[PDB]
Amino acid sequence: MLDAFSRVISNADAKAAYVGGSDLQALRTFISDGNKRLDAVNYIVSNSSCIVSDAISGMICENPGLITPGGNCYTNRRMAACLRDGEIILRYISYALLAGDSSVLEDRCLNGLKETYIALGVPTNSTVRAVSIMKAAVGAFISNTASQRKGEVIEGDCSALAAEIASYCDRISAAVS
């Protein structure tokens, strides 16, 4: 798996060129803004439970047909597998946020996920909703604009981090879609 730094090394290797200014600058910014990132990651792993239960729960309240005899969330065993999948998904997203790369979310999570859902009969369209609420919940907990959760981190700009985590959420839906 790669991160922000080995991602540049991969791209610079393709040209057999040492890493210099152009590519070093941005990785220097990773460091500078690096403390914002660790908080960003912490805002996720600190409310990882609420985001998953809220997202699986929301996707069902809007589609009650899921907890119906014939729905993919019907029975305790299907509910528990879906909550677990949401937790796993939110976990790999959190990994890519700590690394500043999507390599780990796609290599170990989104690699064969949809096709997997095809076989089991797991609704990809509903899953894409669950992920959408998690993106909203996540996005809010990073900006510290959480409707209910209000922490005390020193104020600043985390829009690059929000835009980056949203992109990761977007490659999740894009993969099972």
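Position 1 is the first residue in the sequence shown; the rest follow in order.
- Comparing the deposited coordinates for 146-154 and 51-59, the stretch with the larger average C-alpha B-factor is 146-154.
- When the C-alpha B-factors of 7-15 and 156-164 are averaged, 156-164 comes out higher.
- Which of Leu66, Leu38, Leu110, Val138 has the largest Cα B-factor in the deposited entry comes down to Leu66.
- In the PDB entry, a CA B factor belonging to the lowest third of its chain's modelled residues is recorded for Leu97.
- In the deposited entry, the Cα temperature factor of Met1 places it in the highest third of its chain's modelled residues.
- The entry lists a Cα temperature factor for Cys73 that places it in the lowest third of the chain's modelled residues.
- Per-chain ranking of the deposited C-alpha B factor places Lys114 in the lowest third.
- Among the modelled residues of the chain, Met134 sits in the middle third by CA temperature factor in this PDB entry.
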